[PDB]
Amino acid sequence: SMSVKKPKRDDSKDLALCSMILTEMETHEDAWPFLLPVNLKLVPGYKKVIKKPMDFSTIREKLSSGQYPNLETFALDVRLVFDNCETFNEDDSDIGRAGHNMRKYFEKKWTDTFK
């Protein structure tokens, strides 16, 4: 509360460390469904169903331009990518399996880097 603070966690490396995680996600062999925005002119149903589209290139641009206020807002956009994928794609599909694999990969890196 006023003039009463928990000890200050060092957050000075968070920007660099989120960039490294994102690089590792970008270079994973199962990243291909997530590298670019979904083409809303060419994929029937996507625009109406998926209220907040997100993809790795859009996260990368937001990161590079100071649009993430903290490391939790960064994790929310990465999770958004996988939640959108589960909403639109059957589990037993190449893209459905890709999203489960990437979410697992991301969550381990996140725990090992920050928790």
# chains A, B, ... in the order shown; residues from 1 in each chain; ligands from 1
>>> select_by_dssp(residues="chain A", states="alpha helix (DSSP H)", output="PyMOL selection string")
chain A and resi 14-27+46-49+56-64+71-88+94-114
>>> residues_around(residues="range 67-70 of chain A", least_positions_apart="6", cutoff="9 Å", atoms="only C-alpha atoms", output="PyMOL selection string")
chain A and resi 11+14-15+61
>>> write_last_selection(atoms="N, CA, C and O atoms", output="PDB file, in the first residue's frame")
ATOM      1  N   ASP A  11      13.734  -6.681 -13.157  1.00  0.00           N
ATOM      2  CA  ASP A  11      13.008  -6.885 -14.425  1.00  0.00           C
ATOM      3  C   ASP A  11      13.776  -6.297 -15.633  1.00  0.00           C
ATOM      4  O   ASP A  11      13.207  -6.181 -16.728  1.00  0.00           O
ATOM      5  N   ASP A  14      14.137  -8.599 -18.774  1.00  0.00           N
ATOM      6  CA  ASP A  14      12.919  -9.288 -19.246  1.00  0.00           C
ATOM      7  C   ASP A  14      12.759  -9.110 -20.775  1.00  0.00           C
ATOM      8  O   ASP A  14      12.263 -10.052 -21.455  1.00  0.00           O
ATOM      9  N   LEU A  15      13.070  -7.907 -21.284  1.00  0.00           N
ATOM     10  CA  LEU A  15      12.880  -7.583 -22.721  1.00  0.00           C
ATOM     11  C   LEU A  15      13.760  -8.490 -23.584  1.00  0.00           C
ATOM     12  O   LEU A  15      13.276  -9.179 -24.529  1.00  0.00           O
ATOM     13  N   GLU A  61       6.751  -7.518 -33.713  1.00  0.00           N
ATOM     14  CA  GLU A  61       6.630  -6.069 -33.952  1.00  0.00           C
ATOM     15  C   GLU A  61       6.210  -5.278 -32.651  1.00  0.00           C
ATOM     16  O   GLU A  61       6.731  -4.178 -32.344  1.00  0.00           O
TER      17      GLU A  61
END
>>> atom_distance(atom1="CA of residue 95 in chain A", atom2="CA of residue 62 in chain A")
24.4 Å
>>> residues_around(residues="residue 82 in chain A", least_positions_apart="5", cutoff="12 Å", atoms="only C-alpha atoms", output="PyMOL selection string")
chain A and resi 31+33-34+50+52-56+75-77+87-89+91+95-107
>>> write_last_selection(atoms="N, CA and C atoms", output="mmCIF file, in the first residue's frame")
data_model
loop_
_atom_site.group_PDB
_atom_site.id
_atom_site.type_symbol
_atom_site.label_atom_id
_atom_site.label_comp_id
_atom_site.auth_asym_id
_atom_site.auth_seq_id
_atom_site.Cartn_x
_atom_site.Cartn_y
_atom_site.Cartn_z
ATOM 1 N N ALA A 31 6.345 -24.193 -36.136
ATOM 2 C CA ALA A 31 5.932 -22.809 -36.031
ATOM 3 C C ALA A 31 5.094 -22.359 -37.259
ATOM 4 N N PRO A 33 2.283 -22.734 -38.903
ATOM 5 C CA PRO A 33 0.897 -22.133 -38.892
ATOM 6 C C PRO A 33 0.742 -20.750 -38.249
ATOM 7 N N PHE A 34 1.811 -20.334 -37.505
ATOM 8 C CA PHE A 34 1.784 -19.192 -36.544
ATOM 9 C C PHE A 34 2.743 -18.036 -36.906
ATOM 10 N N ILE A 50 -12.925 -15.402 -34.775
ATOM 11 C CA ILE A 50 -11.726 -15.160 -33.913
ATOM 12 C C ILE A 50 -11.611 -13.679 -33.633
ATOM 13 N N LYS A 52 -9.876 -11.766 -31.602
ATOM 14 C CA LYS A 52 -8.583 -11.154 -31.511
ATOM 15 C C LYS A 52 -7.452 -11.987 -32.125
ATOM 16 N N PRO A 53 -7.245 -11.873 -33.425
ATOM 17 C CA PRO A 53 -6.168 -12.649 -34.126
ATOM 18 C C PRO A 53 -4.817 -12.269 -33.552
ATOM 19 N N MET A 54 -3.924 -13.257 -33.445
ATOM 20 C CA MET A 54 -2.543 -12.987 -32.992
ATOM 21 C C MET A 54 -1.604 -13.990 -33.692
ATOM 22 N N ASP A 55 -0.351 -13.594 -33.925
ATOM 23 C CA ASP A 55 0.625 -14.453 -34.593
ATOM 24 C C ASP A 55 2.030 -13.980 -34.166
ATOM 25 N N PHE A 56 3.048 -14.796 -34.475
ATOM 26 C CA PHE A 56 4.427 -14.500 -34.004
ATOM 27 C C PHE A 56 4.972 -13.205 -34.561
ATOM 28 N N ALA A 75 3.266 -12.820 -22.371
ATOM 29 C CA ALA A 75 2.750 -14.250 -22.233
ATOM 30 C C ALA A 75 1.261 -14.344 -22.672
ATOM 31 N N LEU A 76 0.464 -13.334 -22.356
ATOM 32 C CA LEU A 76 -0.977 -13.349 -22.738
ATOM 33 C C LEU A 76 -1.146 -13.433 -24.302
ATOM 34 N N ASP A 77 -0.360 -12.652 -25.032
ATOM 35 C CA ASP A 77 -0.379 -12.708 -26.534
ATOM 36 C C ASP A 77 0.135 -14.024 -27.085
ATOM 37 N N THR A 87 -9.475 -23.011 -30.860
ATOM 38 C CA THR A 87 -10.845 -22.592 -31.265
ATOM 39 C C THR A 87 -11.215 -22.968 -32.749
ATOM 40 N N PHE A 88 -10.284 -22.856 -33.673
ATOM 41 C CA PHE A 88 -10.563 -23.012 -35.098
ATOM 42 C C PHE A 88 -10.184 -24.362 -35.734
ATOM 43 N N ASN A 89 -9.359 -25.176 -35.067
ATOM 44 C CA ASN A 89 -8.739 -26.336 -35.729
ATOM 45 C C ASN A 89 -9.050 -27.599 -34.886
ATOM 46 N N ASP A 91 -8.329 -30.944 -32.978
ATOM 47 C CA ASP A 91 -7.147 -31.612 -32.331
ATOM 48 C C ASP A 91 -6.381 -32.623 -33.237
ATOM 49 N N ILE A 95 -2.389 -28.864 -38.044
ATOM 50 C CA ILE A 95 -2.304 -27.538 -37.394
ATOM 51 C C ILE A 95 -2.697 -27.661 -35.913
ATOM 52 N N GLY A 96 -3.719 -28.482 -35.616
ATOM 53 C CA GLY A 96 -4.210 -28.690 -34.227
ATOM 54 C C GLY A 96 -3.031 -29.266 -33.391
ATOM 55 N N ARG A 97 -2.329 -30.271 -33.918
ATOM 56 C CA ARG A 97 -1.229 -30.889 -33.187
ATOM 57 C C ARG A 97 -0.040 -29.930 -33.013
ATOM 58 N N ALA A 98 0.226 -29.152 -34.069
ATOM 59 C CA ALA A 98 1.250 -28.090 -34.038
ATOM 60 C C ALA A 98 1.013 -27.151 -32.881
ATOM 61 N N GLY A 99 -0.241 -26.718 -32.715
ATOM 62 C CA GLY A 99 -0.543 -25.775 -31.609
ATOM 63 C C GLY A 99 -0.356 -26.333 -30.228
ATOM 64 N N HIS A 100 -0.770 -27.584 -30.049
ATOM 65 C CA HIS A 100 -0.483 -28.244 -28.751
ATOM 66 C C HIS A 100 0.961 -28.373 -28.495
ATOM 67 N N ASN A 101 1.780 -28.813 -29.498
ATOM 68 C CA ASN A 101 3.229 -28.954 -29.344
ATOM 69 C C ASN A 101 3.896 -27.598 -28.964
ATOM 70 N N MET A 102 3.493 -26.524 -29.674
ATOM 71 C CA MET A 102 4.109 -25.189 -29.427
ATOM 72 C C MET A 102 3.779 -24.602 -28.061
ATOM 73 N N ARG A 103 2.589 -24.824 -27.616
ATOM 74 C CA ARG A 103 2.131 -24.360 -26.295
ATOM 75 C C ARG A 103 2.955 -25.064 -25.204
ATOM 76 N N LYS A 104 3.066 -26.398 -25.314
ATOM 77 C CA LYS A 104 4.045 -27.130 -24.446
ATOM 78 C C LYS A 104 5.487 -26.625 -24.437
ATOM 79 N N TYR A 105 6.105 -26.436 -25.621
ATOM 80 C CA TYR A 105 7.379 -25.873 -25.765
ATOM 81 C C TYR A 105 7.504 -24.493 -25.078
ATOM 82 N N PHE A 106 6.498 -23.621 -25.298
ATOM 83 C CA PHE A 106 6.520 -22.245 -24.759
ATOM 84 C C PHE A 106 6.448 -22.285 -23.190
ATOM 85 N N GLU A 107 5.571 -23.123 -22.673
ATOM 86 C CA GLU A 107 5.298 -23.121 -21.216
ATOM 87 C C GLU A 107 6.495 -23.622 -20.389
#
>>> closest_residue(among="A:18, A:35, A:66, A:47", to="residue 113 in chain A", atoms="only C-alpha atoms")
A:18
